[PDB]
Amino acid sequence: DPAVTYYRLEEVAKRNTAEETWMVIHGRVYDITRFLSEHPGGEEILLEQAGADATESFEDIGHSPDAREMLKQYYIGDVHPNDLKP
Ligand code: HEM
């Protein structure tokens, strides 16, 4: 409500290369550009889903509670409600 920044999925889709990498997880946008080289699962698997909603893959992997906490550092905004799916 207050100072929440909103992005359309169309904007997120443009950040799909190693130069500026964004990813959507549970309706929120994360800029993981600087996390690529630090990801224990490697950088390739992240680049393969860059610029898109990676929620299913993130959950399917079974990430730990510590992995979820790491997300906060990369949070940059929410996906506009009109772009969220049923
Ligand atoms: C951008 C948010 C993400 C964060 C912060 C993150 C963080 C992490 C962390 C901390 C681990 C180590 C877990 C452990 O100690 O067991 C890990 C492992 C892994 N991550 Fe991610 N991850 C993210 C997204 C993804 C995505 C989108 C995929 C793609 C399917 C992925 C695939 C993996 C895989 C395959 C492993 C290895 C697990 C194993 O050892 O079997 N991650 N991730």
# chains A, B, ... in the order shown; residues from 1 in each chain; ligands from 1
$ residues_near_ligand --ligand "ligand 1" --cutoff "10 Å" --atoms "only C-alpha atoms and all ligand atoms" --output "CSV table (one decimal) with C-alpha atoms, in the first residue's frame"
chain,number,residue,atom,x,y,z
A,21,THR,CA,18.7,-10.5,-14.4
A,22,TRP,CA,15.2,-10.3,-12.8
A,23,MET,CA,13.0,-13.2,-11.7
A,24,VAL,CA,9.5,-13.5,-10.3
A,25,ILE,CA,8.8,-15.7,-7.3
A,29,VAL,CA,10.2,-9.3,-8.5
A,30,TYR,CA,13.8,-10.0,-7.5
A,31,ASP,CA,16.9,-8.6,-9.1
A,32,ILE,CA,19.4,-11.5,-8.8
A,33,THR,CA,22.1,-10.1,-11.1
A,35,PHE,CA,23.6,-13.4,-6.9
A,36,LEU,CA,24.2,-15.4,-10.1
A,38,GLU,CA,26.9,-17.1,-5.6
A,39,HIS,CA,24.0,-19.5,-6.2
A,40,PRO,CA,24.8,-23.0,-4.9
A,41,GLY,CA,22.7,-24.5,-7.7
A,42,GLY,CA,24.8,-22.6,-10.2
A,43,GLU,CA,24.2,-19.7,-12.5
A,44,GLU,CA,23.0,-21.5,-15.6
A,45,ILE,CA,19.8,-22.9,-14.1
A,46,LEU,CA,18.9,-19.3,-13.0
A,47,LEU,CA,19.7,-17.8,-16.4
A,48,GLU,CA,17.4,-20.4,-18.0
A,49,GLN,CA,14.4,-18.9,-16.2
A,50,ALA,CA,15.5,-15.2,-16.1
A,52,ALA,CA,10.1,-15.1,-16.0
A,53,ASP,CA,8.0,-16.4,-13.1
A,54,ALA,CA,10.2,-19.2,-11.6
A,55,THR,CA,8.0,-20.0,-8.6
A,56,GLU,CA,7.3,-23.6,-9.5
A,57,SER,CA,10.9,-24.4,-10.1
A,58,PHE,CA,12.0,-22.7,-6.9
A,59,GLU,CA,9.5,-24.7,-4.9
A,60,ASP,CA,10.0,-28.0,-6.7
A,61,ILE,CA,13.7,-27.9,-5.8
A,62,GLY,CA,12.8,-27.8,-2.1
A,63,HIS,CA,14.8,-24.7,-1.1
A,64,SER,CA,15.7,-24.4,2.6
A,65,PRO,CA,14.3,-21.8,5.0
A,66,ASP,CA,17.7,-20.1,4.8
A,67,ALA,CA,17.4,-19.9,1.0
A,68,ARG,CA,14.0,-18.2,1.4
A,69,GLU,CA,15.5,-15.6,3.8
A,70,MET,CA,18.2,-14.7,1.2
A,71,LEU,CA,15.4,-13.5,-1.1
A,72,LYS,CA,14.9,-10.4,0.9
A,73,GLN,CA,18.2,-8.9,-0.2
A,74,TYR,CA,17.0,-9.0,-3.8
A,75,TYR,CA,13.4,-7.8,-3.5
$ select_by_dssp --residues "chain A" --states "alpha helix (DSSP H)" --output "ChimeraX atom specification"
/A:9-12,44-47,55-61,65-70
$ write_last_selection --atoms "C-alpha atoms" --output "PDB file, in the first residue's frame"
ATOM      1  CA  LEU A   9       5.470  -8.782 -16.336  1.00  0.00           C
ATOM      2  CA  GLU A  10       6.329  -7.206 -19.697  1.00  0.00           C
ATOM      3  CA  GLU A  11       9.008  -5.112 -17.908  1.00  0.00           C
ATOM      4  CA  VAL A  12      10.379  -8.106 -15.987  1.00  0.00           C
ATOM      5  CA  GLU A  44      23.009 -21.525 -15.604  1.00  0.00           C
ATOM      6  CA  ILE A  45      19.832 -22.870 -14.072  1.00  0.00           C
ATOM      7  CA  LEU A  46      18.895 -19.304 -13.018  1.00  0.00           C
ATOM      8  CA  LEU A  47      19.659 -17.755 -16.434  1.00  0.00           C
ATOM      9  CA  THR A  55       7.965 -19.973  -8.575  1.00  0.00           C
ATOM     10  CA  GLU A  56       7.279 -23.612  -9.549  1.00  0.00           C
ATOM     11  CA  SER A  57      10.936 -24.437 -10.131  1.00  0.00           C
ATOM     12  CA  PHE A  58      12.006 -22.667  -6.938  1.00  0.00           C
ATOM     13  CA  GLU A  59       9.506 -24.695  -4.865  1.00  0.00           C
ATOM     14  CA  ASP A  60      10.010 -27.991  -6.731  1.00  0.00           C
ATOM     15  CA  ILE A  61      13.679 -27.914  -5.767  1.00  0.00           C
ATOM     16  CA  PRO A  65      14.331 -21.770   5.048  1.00  0.00           C
ATOM     17  CA  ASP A  66      17.746 -20.081   4.774  1.00  0.00           C
ATOM     18  CA  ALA A  67      17.415 -19.879   0.988  1.00  0.00           C
ATOM     19  CA  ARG A  68      14.023 -18.164   1.406  1.00  0.00           C
ATOM     20  CA  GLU A  69      15.538 -15.628   3.780  1.00  0.00           C
ATOM     21  CA  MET A  70      18.180 -14.746   1.188  1.00  0.00           C
TER      22      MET A  70
END
$ atom_distance --atom1 "atom CA of residue 86 of chain A" --atom2 "atom CA of residue 8 of chain A"
16.4 Å
$ atom_distance --atom1 "atom CA of residue 79 of chain A" --atom2 "atom CA of residue 26 of chain A"
9.1 Å
$ residues_around --residues "residue 19 of chain A" --least-positions-apart "3" --cutoff "10 Å" --atoms "only C-alpha atoms" --output "PyMOL selection string"
chain A and resi 15-16+33-34
$ select_by_dssp --residues "segment 15-55 of chain A" --states "strand (DSSP E or B)" --output "list in words"
residues 16, 17, 20, 21, 22, 23, 24, 25, 28, 29, 30, 31 and 53 of chain A
$ write_last_selection --atoms "N, CA and C atoms" --output "compact mmCIF listing (two decimals), in the first residue's frame"
# COMPACT_ATOMS: atom_id res chain seq x y z
N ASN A 16 16.40 -10.37 -18.98
CA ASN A 16 16.62 -11.80 -19.12
C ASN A 16 18.02 -12.25 -19.52
N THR A 17 19.01 -11.39 -19.31
CA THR A 17 20.39 -11.73 -19.63
C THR A 17 21.24 -11.48 -18.38
N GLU A 20 21.50 -7.86 -16.54
CA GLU A 20 20.52 -7.42 -15.56
C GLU A 20 19.49 -8.53 -15.54
N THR A 21 19.50 -9.31 -14.47
CA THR A 21 18.65 -10.48 -14.37
C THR A 21 17.58 -10.34 -13.31
N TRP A 22 16.32 -10.43 -13.72
CA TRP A 22 15.21 -10.33 -12.76
C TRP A 22 14.46 -11.64 -12.84
N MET A 23 13.75 -11.96 -11.77
CA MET A 23 13.00 -13.18 -11.71
C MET A 23 11.81 -12.94 -10.80
N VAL A 24 10.69 -13.59 -11.11
CA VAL A 24 9.49 -13.48 -10.30
C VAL A 24 9.30 -14.75 -9.49
N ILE A 25 9.02 -14.59 -8.20
CA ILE A 25 8.78 -15.72 -7.31
C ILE A 25 7.62 -15.30 -6.41
N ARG A 28 6.41 -11.57 -6.58
CA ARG A 28 7.36 -10.49 -6.28
C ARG A 28 8.53 -10.57 -7.25
N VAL A 29 9.13 -9.42 -7.51
CA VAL A 29 10.22 -9.30 -8.46
C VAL A 29 11.54 -9.19 -7.71
N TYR A 30 12.52 -9.99 -8.13
CA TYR A 30 13.83 -10.01 -7.50
C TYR A 30 14.91 -9.75 -8.55
N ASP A 31 15.85 -8.87 -8.22
CA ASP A 31 16.95 -8.58 -9.15
C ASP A 31 18.07 -9.44 -8.58
N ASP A 53 8.48 -15.99 -14.41
CA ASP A 53 7.97 -16.44 -13.11
C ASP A 53 8.60 -17.82 -12.85
$ decode --residues "segment 53-70 of chain A" --atoms "N, CA, C and O atoms" --output "PDB file, in the first residue's frame"
ATOM      1  N   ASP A  53       8.477 -15.988 -14.406  1.00  0.00           N
ATOM      2  CA  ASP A  53       7.971 -16.437 -13.108  1.00  0.00           C
ATOM      3  C   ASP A  53       8.602 -17.822 -12.853  1.00  0.00           C
ATOM      4  O   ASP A  53       8.288 -18.804 -13.549  1.00  0.00           O
ATOM      5  N   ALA A  54       9.500 -17.908 -11.877  1.00  0.00           N
ATOM      6  CA  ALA A  54      10.168 -19.168 -11.567  1.00  0.00           C
ATOM      7  C   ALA A  54       9.665 -19.823 -10.288  1.00  0.00           C
ATOM      8  O   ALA A  54      10.317 -20.681  -9.738  1.00  0.00           O
ATOM      9  N   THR A  55       8.510 -19.412  -9.806  1.00  0.00           N
ATOM     10  CA  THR A  55       7.965 -19.973  -8.575  1.00  0.00           C
ATOM     11  C   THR A  55       7.934 -21.507  -8.509  1.00  0.00           C
ATOM     12  O   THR A  55       8.407 -22.101  -7.534  1.00  0.00           O
ATOM     13  N   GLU A  56       7.368 -22.151  -9.531  1.00  0.00           N
ATOM     14  CA  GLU A  56       7.279 -23.612  -9.549  1.00  0.00           C
ATOM     15  C   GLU A  56       8.638 -24.277  -9.426  1.00  0.00           C
ATOM     16  O   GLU A  56       8.825 -25.187  -8.617  1.00  0.00           O
ATOM     17  N   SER A  57       9.602 -23.845 -10.229  1.00  0.00           N
ATOM     18  CA  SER A  57      10.936 -24.437 -10.131  1.00  0.00           C
ATOM     19  C   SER A  57      11.584 -24.191  -8.767  1.00  0.00           C
ATOM     20  O   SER A  57      12.242 -25.075  -8.203  1.00  0.00           O
ATOM     21  N   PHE A  58      11.419 -22.985  -8.236  1.00  0.00           N
ATOM     22  CA  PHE A  58      12.006 -22.667  -6.938  1.00  0.00           C
ATOM     23  C   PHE A  58      11.454 -23.592  -5.851  1.00  0.00           C
ATOM     24  O   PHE A  58      12.201 -24.055  -4.988  1.00  0.00           O
ATOM     25  N   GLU A  59      10.144 -23.838  -5.881  1.00  0.00           N
ATOM     26  CA  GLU A  59       9.506 -24.695  -4.865  1.00  0.00           C
ATOM     27  C   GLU A  59       9.770 -26.186  -5.116  1.00  0.00           C
ATOM     28  O   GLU A  59       9.978 -26.957  -4.176  1.00  0.00           O
ATOM     29  N   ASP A  60       9.763 -26.589  -6.377  1.00  0.00           N
ATOM     30  CA  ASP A  60      10.010 -27.991  -6.731  1.00  0.00           C
ATOM     31  C   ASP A  60      11.358 -28.472  -6.221  1.00  0.00           C
ATOM     32  O   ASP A  60      11.501 -29.627  -5.819  1.00  0.00           O
ATOM     33  N   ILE A  61      12.342 -27.583  -6.229  1.00  0.00           N
ATOM     34  CA  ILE A  61      13.679 -27.914  -5.767  1.00  0.00           C
ATOM     35  C   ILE A  61      13.691 -28.241  -4.277  1.00  0.00           C
ATOM     36  O   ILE A  61      14.448 -29.097  -3.823  1.00  0.00           O
ATOM     37  N   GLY A  62      12.834 -27.571  -3.519  1.00  0.00           N
ATOM     38  CA  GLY A  62      12.822 -27.806  -2.089  1.00  0.00           C
ATOM     39  C   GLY A  62      13.885 -26.953  -1.419  1.00  0.00           C
ATOM     40  O   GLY A  62      14.736 -27.467  -0.681  1.00  0.00           O
ATOM     41  N   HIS A  63      13.856 -25.649  -1.685  1.00  0.00           N
ATOM     42  CA  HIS A  63      14.813 -24.742  -1.072  1.00  0.00           C
ATOM     43  C   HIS A  63      14.606 -24.670   0.436  1.00  0.00           C
ATOM     44  O   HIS A  63      13.473 -24.751   0.925  1.00  0.00           O
ATOM     45  N   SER A  64      15.701 -24.507   1.165  1.00  0.00           N
ATOM     46  CA  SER A  64      15.667 -24.423   2.620  1.00  0.00           C
ATOM     47  C   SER A  64      15.135 -23.077   3.139  1.00  0.00           C
ATOM     48  O   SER A  64      14.979 -22.102   2.376  1.00  0.00           O
ATOM     49  N   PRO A  65      14.830 -23.013   4.450  1.00  0.00           N
ATOM     50  CA  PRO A  65      14.331 -21.770   5.048  1.00  0.00           C
ATOM     51  C   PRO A  65      15.402 -20.674   4.898  1.00  0.00           C
ATOM     52  O   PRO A  65      15.094 -19.492   4.761  1.00  0.00           O
ATOM     53  N   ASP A  66      16.674 -21.065   4.917  1.00  0.00           N
ATOM     54  CA  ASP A  66      17.746 -20.081   4.774  1.00  0.00           C
ATOM     55  C   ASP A  66      17.778 -19.513   3.361  1.00  0.00           C
ATOM     56  O   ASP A  66      18.074 -18.351   3.171  1.00  0.00           O
ATOM     57  N   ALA A  67      17.469 -20.340   2.372  1.00  0.00           N
ATOM     58  CA  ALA A  67      17.415 -19.879   0.988  1.00  0.00           C
ATOM     59  C   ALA A  67      16.281 -18.837   0.851  1.00  0.00           C
ATOM     60  O   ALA A  67      16.426 -17.812   0.179  1.00  0.00           O
ATOM     61  N   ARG A  68      15.134 -19.113   1.468  1.00  0.00           N
ATOM     62  CA  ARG A  68      14.023 -18.164   1.406  1.00  0.00           C
ATOM     63  C   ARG A  68      14.389 -16.830   2.020  1.00  0.00           C
ATOM     64  O   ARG A  68      13.981 -15.773   1.529  1.00  0.00           O
ATOM     65  N   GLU A  69      15.134 -16.869   3.122  1.00  0.00           N
ATOM     66  CA  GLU A  69      15.538 -15.628   3.780  1.00  0.00           C
ATOM     67  C   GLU A  69      16.445 -14.786   2.903  1.00  0.00           C
ATOM     68  O   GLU A  69      16.394 -13.554   2.945  1.00  0.00           O
ATOM     69  N   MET A  70      17.264 -15.447   2.094  1.00  0.00           N
ATOM     70  CA  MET A  70      18.180 -14.746   1.188  1.00  0.00           C
ATOM     71  C   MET A  70      17.434 -13.890   0.182  1.00  0.00           C
ATOM     72  O   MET A  70      17.967 -12.906  -0.311  1.00  0.00           O
TER      73      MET A  70
END
